Amino acid sequence: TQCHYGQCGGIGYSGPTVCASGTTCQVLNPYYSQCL
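Below you will find a few notes about this structure.

**Some thoughts on the state of the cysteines**
- For the structure shown, the criterion picks out 2 disulfides.
- In this model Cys8 forms its disulfide with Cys25; the gap between the sulfur atoms is 2.0 Å. Its S-S torsion of approximately 85° makes the covalent link between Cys8 and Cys25 right-handed. Separated by 17 residues along the polypeptide, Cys8 in the segment before β1 (25-27) and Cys25 in strand β1 bring together distant segments of the chain.
- With a relative accessible area of 0%, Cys8 lands in the buried category.
- Across the disulfide from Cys19 sits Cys35; the S-S distance is 2.0 Å.

Definitions and limits used
Note that residue numbers begin from 1 in each chain and follow the written sequence, not necessarily the entry's scheme, while residues that lack coordinates are absent from the view. Calculated side-chain values reflect all of the structure's heavy atoms, with hydrogen atoms and water omitted. Here, two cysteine sulfur atoms that lie within 2.5 Å of each other are counted as a disulfide. For helices the rule is a DSSP run of H or I covering at least 4 residues; for strands it is a run of E covering at least 2, with both sets numbered from the N terminus onward. Burial status follows relative accessibility: with a 1.4 Å probe on protein chains alone, a residue under 20% of its type maximum counts as buried, one over 50% as exposed, and anything between as partly exposed.

Below you can see the structure in the form of structure tokens.
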């Protein structure tokens with residue numbers, strides 16, 4: 001599960017795309033999305 005302040009991933013991310021329960025995957029950049 002993607003951790004708080006972890007990259008849930010933007011375009012081309014093949015890792016943990018699901019954020020921790022209570023955190024939301026927020027796109028900060030097209031490729032950088034973070035779980036806040």
